[PDB]
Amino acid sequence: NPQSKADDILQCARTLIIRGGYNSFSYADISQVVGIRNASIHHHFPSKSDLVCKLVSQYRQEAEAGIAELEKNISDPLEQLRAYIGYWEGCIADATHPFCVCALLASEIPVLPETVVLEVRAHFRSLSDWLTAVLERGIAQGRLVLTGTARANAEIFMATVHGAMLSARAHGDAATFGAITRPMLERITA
């Protein structure tokens, strides 16, 4: 049915966009993977900008649901940050989606449609908000020690994660991501 074809197009486009960003895939590539013709893609999504806004909105919904599940299941804020690091290490291992869609698109902001840029920036502010709240709970519970504010530390940890994803993709390697991100976690442990 129609819904399943729309889901297949979004699945496919998400995998392609993680390889090379907004301009690295075409509707022809989606036809090659999913088997629908070009005109059919347009019935589902009236433009590529709309397809990518829909993909990023779904990616954020899933990203927020996954860090919420960490927050729910894990009592200690430090262990929530450690489990978030572990989640990305598993994604880089599985190698299907070894990069954050929004971090990748952020590097291309100046050429992206404005509607896509809105979705990408919303993920950054939202992830920063989550990390800020986890760090604040860690202070409130005497589980962490910080220099500077929780928000400033959240912004450093998010930048370190995005830079570590980039180093793992570049000069190689399944231990890079942890080797870069974990020392902060051990620093801030009370």
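A residue's number is simply how far along the shown sequence it sits, counting from 1.
Colleague: So, looking at the entry's B-factor column for Cα atoms, which has the higher mean, 157-165 or 142-150?
Modeller: Comparing 157-165 with 142-150, the higher mean C-alpha B-factor belongs to 142-150.
Colleague: On mean Cα temperature factor in this entry, is 70-78 or 112-120 the higher one?
Modeller: It is 70-78.
Colleague: Going by the deposited entry, which of 131, 39, 30, 56 has the highest CA temperature factor?
Modeller: Each of 131, 39, 30, 56 was compared by C-alpha B-factor; the highest is 39.
Colleague: Out of 175, 170, 9, 18, which one has a C-alpha B factor higher than all the others in the entry?
Modeller: That would be 175, according to the entry.
Colleague: When the deposited Cα B-factors of this chain's modelled residues are ordered and cut into thirds, is residue 93 in the lowest, the middle or the highest one?
Modeller: Its C-alpha B-factor belongs to the highest third of this chain's values.
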